[PDB]
């Protein structure tokens, strides 16, 4: 593993997906920054090293970031705007491809807090309680659900599309479907109480009913949406907020979490619904680790020390 300092607090880091049926490992990743007057979305290509491929100014903090496909990156802004940026296949520059400037708003600006992609669909959530389904090259949302909750939506994942699951500031998981009538969830699960925000969620890659969430209190919870209103497992973990949680996409016996307390943990259960081994990957006294991504043996993460950490050799 190695660090590179980049003069911006990094909110989001994501690997560019590999061409289908590629045998090479990930080598390009995107970053989004926050807490600057001038925030950026940047692309980087790879003692290891990486260099700046191109960048673009982003208005507002980068609240979330996902690749939609190899060339399109979707960003959520603190302004409420959702933007598709295009990385050109031939000239490698970034440009604004399309956007929904009123994805989230108060009727005042409402941050877009989460986005997930399943090409051609894009799903977004925000502090206005709106849940949007967008499709590439459609000017208007395909569907918007106006959630009437007094809580704040913090993150979203697909279950089986067009079914989704959201988590909120009072510790509830809510399930929705964009084909549904009305604005109510189909099911709710939650923590014991209303005092513990959930900040992140990820679905298991092969078991569409299994999700992991991370909380204000640093704990990892595992849920089975077929089973009751409560978690299956509640595991002590970090000393402060868990900001992201990811199942490894090709071997989900591995799972990764990161925290405000400066930690990034590699959990190795090699089932989550039933002795898990944990390794802490970053140095002691790191500032908040805001984000991570993993693909094959490659891990990238970004911190409030204005650092990006990379390894392309997690298992060798």
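Numbering follows the first chain given and starts at 1.
> Can you count, per the entry, how many deposited residues between residue 150 and residue 151 come without coordinates? Answer none, 1 to 3, 4 to 9, or 10 or more.
The entry has no unmodelled residues between residue 150 and residue 151.
> Count up the deposited residues without coordinates from residue 274 to residue 275 and drop the result into none, 1 to 3, 4 to 9, or 10 or more.
Per the record, 4 to 9 deposited residues are absent between residue 274 and residue 275.
> So which stretch wins on mean C-alpha B-factor, 110-118 or 154-162?
Averaging CA B-factors over each stretch, the winner is 154-162.
> Which of the two stretches, 290-298 or 20-28, shows the higher mean Cα temperature factor in the record?
Mean CA B-factor is higher for 20-28.
> Looking at 214, 193, 80, 185, which one carries the largest C-alpha B-factor according to the PDB entry?
That would be 193, according to the entry.
> Would you mind finding, among 65, 282, 258, 269, the residue with the largest C-alpha temperature factor in the entry?
That would be 269.
> Splitting the chain's C-alpha B-factors into thirds, which one does residue 5 fall into?
Top third by C-alpha B-factor.
> In terms of the CA temperature factor given in the entry, to which third of its chain does residue 224 belong: lowest, middle or highest?
Within its chain, residue 224 is a highest-third residue by C-alpha B-factor, going by the deposited values.
> Of the three thirds of its chain by CA temperature factor, lowest, middle or highest, which one includes residue 97?
Residue 97: CA B-factor falls in the middle third of its chain.
> Ranked by Cα temperature factor within the chain, is residue 264 in the lowest third, the middle third or the highest third?
For residue 264, whose C-alpha B-factor we compare with every modelled residue in the chain, the answer is the lowest third.
> Taking the C-alpha B-factors as the PDB entry records them, is residue 202 in the lowest, middle or highest third of its chain?
Its C-alpha B-factor, which the entry lists for residue 202, ranks in the lowest third among residues of this chain.
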